[PDB]
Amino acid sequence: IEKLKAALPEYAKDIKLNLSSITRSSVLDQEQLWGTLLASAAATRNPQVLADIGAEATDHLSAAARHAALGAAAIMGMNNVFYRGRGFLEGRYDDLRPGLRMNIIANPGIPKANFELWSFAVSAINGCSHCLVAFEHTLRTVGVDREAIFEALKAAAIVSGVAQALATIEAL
């Protein structure tokens, strides 16, 4: 959304430019791109960026993709804490059954590699290498190019800065 780029402060000049460039990515297909932007937007917790990106994503994303993306952010919202936490514990708790329902990862109602690309994205924002690596591994295993994986990473980061540049406006 142009309204999103325009809300950005002058001292967040690079963010705006990175945002504009990422919106024009030739590395990812439309669903992969916008789903990453939308899933990333959700993980920033910034309602502003989610609204605009969500609004902009409506003509690149079917209702299915849109939902699965938000769903990605929600499930990773749980997974990035559990796995990361278990990951800091050296394995000591690996023998226990998590007992966490996470079916959406099994059937996201949309092509798998996309939901993974988006979980990868969110996992990067929340900062859980355990989930980031597993997905980055599955992505390569299913044939997603390194270039595309990197783009999603870039997309996750640009959107984090965007959200952050916005929140910084709370100083009139």
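Don't overthink the numbering: it's just position in the shown sequence, from 1.
* Using the B-factors recorded in the PDB entry, average over the C-alpha atoms of 37 to 45 and of 137 to 145, then report which stretch comes out higher. => Higher mean C-alpha B-factor: 137 to 145.
* Asked: Should the higher mean CA B-factor in the entry be assigned to 79 to 87 or to 97 to 105?
  -> Comparing 79 to 87 with 97 to 105, the higher mean C-alpha B-factor belongs to 97 to 105.
* **Top residue by Cα temperature factor, when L19, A12, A156, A163 are compared in the entry** => The listed residue with the largest C-alpha B-factor is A12.
* Place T58 in the lowest, middle or highest third of its chain's C-alpha B-factors, as listed in the PDB entry. => CA B-factor rank for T58: middle third.
* Chain-wide C-alpha B factor ranking for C131, given as lowest, middle or highest third -> Within its chain, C131 is a middle-third residue by C-alpha B-factor, going by the deposited values.
* **Third of chain Cα B-factors occupied by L50** => For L50, whose C-alpha B-factor we compare with every modelled residue in the chain, the answer is the lowest third.
* Would you please rank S119 by its C-alpha temperature factor against the other modelled residues of its chain and give the third it falls in: lowest, middle or highest? => Lowest third, going by the recorded CA B-factors of the chain.
* What third of the chain, by the recorded C-alpha B-factor, contains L70? -> Its C-alpha B-factor, which the entry lists for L70, ranks in the lowest third among residues of this chain.
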